[PDB]
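Colleague: to kick things off, part of the complex as it is:
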Amino acid sequence: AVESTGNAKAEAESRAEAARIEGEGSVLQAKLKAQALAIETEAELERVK
C-alpha cells in the first residue's frame, strides 16, 4: 500500500509540480506578450493614424 500509493503520489505530484512551473512561466510569458502587443499596436497606431 505505502509503496504503490507512494509511487503514484510522487508521480502525480511531480506532474503537478511541473505543471505549476510551466503555468507560471506561461503567466510571465503572457506578460511579455502583453507588452509586445502593447508597444507594437501602439507604434503601429501612429502609422495607421
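Modeller: Arrived safely. Numbers count the residues shown, from 1 in each chain, chains lettered A, B, ... in the order given.
Colleague: please enumerate the helices of chain A.
Modeller: In chain A, the helices defined using DSSP state H lie at A:2-48.
Colleague: centroid-nearest residue for it?
Modeller: Nearest to the geometric centre of chain A sits residue A:26, at 1.6 Å (CA atoms, centre = their mean).
Colleague: what sits against that residue?
Modeller: By CB atoms under 8 Å, 6 or more residues apart in numbering, the contact list for residue A:26 is empty. Backbone N, C-alpha and C define where each C-beta goes, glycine included.
Colleague: what number of residues are in the vicinity of residue A:45?
Modeller: Burial of residue A:45 is recorded as 9 neighbouring residues (other CB atoms under 10 Å).
Colleague: sequence for chain B below, add it please:
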Amino acid sequence: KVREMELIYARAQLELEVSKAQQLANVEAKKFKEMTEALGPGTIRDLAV
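Modeller: Alright, chain B goes in next:
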C-alpha cells in the same frame, strides 16, 4: 484604442461622405431647377397633356 481611432476616423470619412453627397445633390438640384425654369414650367404640363 483601435476601436476608438477607427471610430473617429470612420466618423470623419462618413461626415465627409454625406457632405460631398450633399454637394452633388445641391449642384444636381440647382442644375435641374435652372433647366426646368429655362424650359418653361407650364410647357412640361403641355408635354404630359
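Colleague: the neighbour count of residue A:45 again please, this time with chain B.
Modeller: 13 (other CB atoms under 10 Å in any protein chain shown).
Colleague: shouldn't it be in contact with residue B:2?
Modeller: Yes - with contacts counted by CB atoms under 8 Å, residue A:45 reaches residue B:2, the gap being 6.9 Å.
Colleague: give me the nearest residue to residue B:36, chain neighbours excluded.
Modeller: In space, and not counting its chain neighbours, residue B:36 is closest to residue B:44: 7.2 Å by CB to CB, 6 or more residues apart in numbering or on different chains.
Colleague: give me the element the residue nearest the centre of chain B is part of.
Modeller: For chain B, the residue nearest the mean C-alpha position is residue B:25 (1.2 Å; CA atoms, centre = their mean). Counting by DSSP states H and E, the element that carries residue B:25 is helix B:2-39.
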